[PDB]
Amino acid sequence: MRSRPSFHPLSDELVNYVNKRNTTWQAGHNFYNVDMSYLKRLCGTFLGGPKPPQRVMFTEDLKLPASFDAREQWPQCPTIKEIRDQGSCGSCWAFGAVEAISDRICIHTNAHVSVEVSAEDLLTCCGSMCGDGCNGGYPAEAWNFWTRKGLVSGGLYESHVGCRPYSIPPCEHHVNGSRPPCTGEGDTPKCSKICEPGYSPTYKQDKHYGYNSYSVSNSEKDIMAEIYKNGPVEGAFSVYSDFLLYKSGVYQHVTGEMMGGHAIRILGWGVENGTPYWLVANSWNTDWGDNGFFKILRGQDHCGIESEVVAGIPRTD
């Protein structure tokens, strides 16, 4: 083994090609002046590991809709619209986890009470359990740590929102070459069991605990029913070099190298011109894709999209 890290990103010919082929999506340049170490740490999820049981979806007598956008169902739970940034930290497994966890609280805690769960608290305080912090991690075990120990509040970098807000700064990858090259590097922040000054409750007071962690079957129908009945879920999929260039439409892998495994948050679905899809949000800001979101081919375990859906339900009262 010998992973060769370097640079010289996603060409134009890659974009141009993806277009001339006429797949269900159109490319463009998202990352500019970025180091391939960046693009890699961006995809920070290992695939498989410790699948949590199986939410035996009671599907039979549940006339699901043809299309659905969780942002439109629960409009009072804004966490659903929010797109985050993992920085050059393969903290995405922690991201899909807390992004959804955040929604579901507002949804199950009486669709009326929002809080941004700290991707920092989980990223830094979990441990081998979840894996390697910014170097990759197990989505399954994020949910599990939530249920296990809980997660305090904590919004975007320098947002000053919550117990522990993400201290890892984002890089302007979607812009200018005059600034510093975005090298995907750094280390995992140290687990500081303490909220920032200004915010009250304390840390222990602020910890939100889940009730259980579970796997949604590998079934389009089942996944749809988890999302409809309980809100967004967290999945994962293999990122090929062509995906980083996604701009709009329904993503279907055409060309590209197997960059790595990256986690996600599925919040909806639909059909875009005879092309069924899943409405998913990313952890690489609002400049990538369509306002941070992208649509991937549904019902074909495309890139493993429907094979790692883990979800959880919060503890009542």
# chains A, B, ... in the order shown; residues from 1 in each chain; ligands from 1
>>> closest_atom_pairs(of="region 67-171 of chain A", to="region 290-311 of chain A", cutoff="12 Å", atoms="only C-alpha atoms", output="Markdown table")
| residue | atom | partner | partner_atom | distance |
| --- | --- | --- | --- | --- |
| A:67 | CA | A:298 | CA | 12.0 |
| A:69 | CA | A:295 | CA | 11.9 |
| A:80 | CA | A:293 | CA | 11.5 |
| A:81 | CA | A:293 | CA | 9.6 |
| A:82 | CA | A:292 | CA | 8.9 |
| A:83 | CA | A:292 | CA | 5.9 |
| A:84 | CA | A:292 | CA | 8.2 |
| A:85 | CA | A:292 | CA | 9.4 |
| A:93 | CA | A:310 | CA | 11.1 |
| A:96 | CA | A:310 | CA | 9.8 |
| A:97 | CA | A:311 | CA | 8.3 |
| A:98 | CA | A:311 | CA | 10.7 |
| A:99 | CA | A:311 | CA | 11.4 |
| A:100 | CA | A:311 | CA | 8.2 |
| A:101 | CA | A:311 | CA | 8.3 |
| A:102 | CA | A:311 | CA | 11.8 |
| A:103 | CA | A:311 | CA | 11.5 |
| A:104 | CA | A:311 | CA | 9.5 |
| A:138 | CA | A:308 | CA | 10.6 |
| A:139 | CA | A:310 | CA | 7.7 |
| A:140 | CA | A:310 | CA | 6.4 |
| A:141 | CA | A:310 | CA | 9.6 |
| A:142 | CA | A:310 | CA | 9.7 |
| A:143 | CA | A:311 | CA | 7.3 |
| A:144 | CA | A:311 | CA | 9.8 |
| A:146 | CA | A:311 | CA | 11.2 |
| A:147 | CA | A:311 | CA | 11.1 |
>>> residues_around(residues="residue 238 (chain A)", least_positions_apart="6", cutoff="8 Å", atoms="only C-alpha atoms", output="ChimeraX atom specification")
/A:258-262,303-304
>>> closest_residue(among="A:276, A:90, A:52, A:78", to="residue 249 (chain A)", atoms="only C-alpha atoms")
A:276
>>> atom_distance(atom1="CA of residue 202 (chain A)", atom2="CA of residue 315 (chain A)")
19.9 Å
>>> residues_around(residues="residue 35 (chain A)", least_positions_apart="2", cutoff="9 Å", atoms="only C-alpha atoms", output="number ranges by chain")
A: 5-9, 33, 37-39, 181-184
>>> write_last_selection(atoms="C-alpha atoms", output="PDB file, in the first residue's frame")
ATOM      1  CA  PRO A   5      -1.204  12.456  -1.922  1.00  0.00           C
ATOM      2  CA  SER A   6      -0.576  15.420  -4.261  1.00  0.00           C
ATOM      3  CA  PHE A   7      -2.761  18.005  -6.038  1.00  0.00           C
ATOM      4  CA  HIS A   8      -3.691  18.856  -9.679  1.00  0.00           C
ATOM      5  CA  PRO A   9      -7.497  18.562  -9.183  1.00  0.00           C
ATOM      6  CA  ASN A  33      -7.337  26.002  -5.854  1.00  0.00           C
ATOM      7  CA  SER A  37      -5.582  16.057   0.338  1.00  0.00           C
ATOM      8  CA  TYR A  38      -8.557  18.400   0.757  1.00  0.00           C
ATOM      9  CA  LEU A  39     -10.913  16.540  -1.621  1.00  0.00           C
ATOM     10  CA  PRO A 181      -4.316  26.407  -1.439  1.00  0.00           C
ATOM     11  CA  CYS A 182      -6.900  24.357   0.400  1.00  0.00           C
ATOM     12  CA  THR A 183      -4.796  21.485   1.681  1.00  0.00           C
ATOM     13  CA  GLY A 184      -7.004  18.869   3.251  1.00  0.00           C
TER      14      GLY A 184
END
>>> atom_distance(atom1="CA of residue 130 (chain A)", atom2="CA of residue 94 (chain A)")
8.5 Å
>>> closest_residue(among="A:77, A:62, A:175, A:236", to="residue 108 (chain A)", atoms="only C-alpha atoms")
A:77
>>> select_by_dssp(residues="region 9-233 of chain A", states="strand (DSSP E or B)", output="VMD selection string")
chain A and resid 25 to 27 34 45 68 to 69 85 117 131 137 151 153 182 208 210 to 215 233
